[PDB]
2 protein chains.
Amino acid sequence: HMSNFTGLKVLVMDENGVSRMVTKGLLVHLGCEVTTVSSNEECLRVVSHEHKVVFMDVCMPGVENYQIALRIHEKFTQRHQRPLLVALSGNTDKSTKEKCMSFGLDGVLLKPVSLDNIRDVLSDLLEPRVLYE
Amino acid sequence: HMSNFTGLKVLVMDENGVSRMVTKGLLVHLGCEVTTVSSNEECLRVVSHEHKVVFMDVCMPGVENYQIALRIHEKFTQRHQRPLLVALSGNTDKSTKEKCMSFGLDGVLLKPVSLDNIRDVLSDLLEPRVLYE
């Protein structure tokens, strides 16, 4: 497991201030350097290689909120690695999972979020994995 | 599942001709465009963004054969994505797994190899994955 991400450069994209604020607060308690944005256009100019992870809100109906992740893949396709994309939603049913895959999200968090679901995901995403067989 | 990788740009690095030859043959039957090399120095100059996957042999004792994967991570750290690294070994016990992780290998194949273990790995590596929670 992995309990703290002290120094983790992460970005939060959420149109809602409270949600954005809460999310930043949790990440800060875990030791993250959190940059926040509240619009897609803003997310695209701010997101840099500095950011190891981008948590984005996807609670709008359909895939309106997933487009930004595609736009984000386009951008880093400059020298540095594209950041890991994590979606923030009210569900994780097939609906959501399907969308994240086709749209490039690497992980998904169920809302409201807690240190608990945040650690697990950041741990999985950040920790070494090898597909044996 | 995923049965054919027609058009898959892959590279094979193996000092042994037969092993290198066999591996290329299997990948060609699956539809891959296989480039092969037989030395580390050679692997480093040939490996390009063209290559979506690099299968490398790691049967030397210790981690002598894993170094090339580190050297490969260094290189793409230019614009294009680093290729997925797959190790070819005679075992998959903890010994191997530990090494692949610390050295950046994304997957590992047990030798001798077969279309079977090749498909599974390429499928997992290549197919969309999302860490929900």
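Don't worry about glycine lacking a Cβ; one is built from the backbone with ideal geometry, like all the others, and counts go over all protein chains shown. No lab work stands behind these numbers, since they all come straight from the coordinates.
Annotations
- Exposure proxy order (Cβ contacts within 10 Å, fewest to most) of A:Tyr132, B:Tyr66: A:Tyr132, B:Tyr66
- Shown for B:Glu15: label points 7 Å from Cα along the beta-carbon vector, and their distances to the equivalent points in the other copies, 6.0 nm in ascending order.
- Cubic angstrom per residue, convex hull over Cα atoms of chain A: 119 Å³
- Nearest-first distances (nm) between copies at A:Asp116, label 7 Å from Cα via Cβ: 4.1
- Rough spin-label spacing in nm, given labels placed 7 Å along Cα→Cβ, for A:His73 and B:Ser114: 3.4 nm
- Per-residue Karplus couplings for segment B:20-37, computed as 6.51 cos²θ - 1.76 cosθ + 1.60 with θ equal to phi - 60°, are listed in order as 4, 4, 4, 4, 4, x, 5, 5, 5, 6, 7, x, 8, 9, 9, 10, 10, 9 Hz, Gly and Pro entered as x.
- Amide H contacts for B:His51 (H built 1.01 Å from N in the peptide plane; partners 5 or more residues away or on another chain; cut-off under 5 Å): none found.
- Taking 7 Å steps out from each Cα toward its Cβ at B:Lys94 and A:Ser3 produces label points 2.3 nm apart.
- Take A:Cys59, push a point 7 Å out from Cα through the beta-carbon direction, and compare it with the same point in every other copy: 5.6 nm, smallest first.
- Ordering A:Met21, B:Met56 from the fewest to the most neighbouring beta carbons within 10 Å gives A:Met21, B:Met56.
- Residue and whole-Å distance for the chain B Cβ lying nearest the axis of the B-onto-A rotation are B:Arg79, 2.
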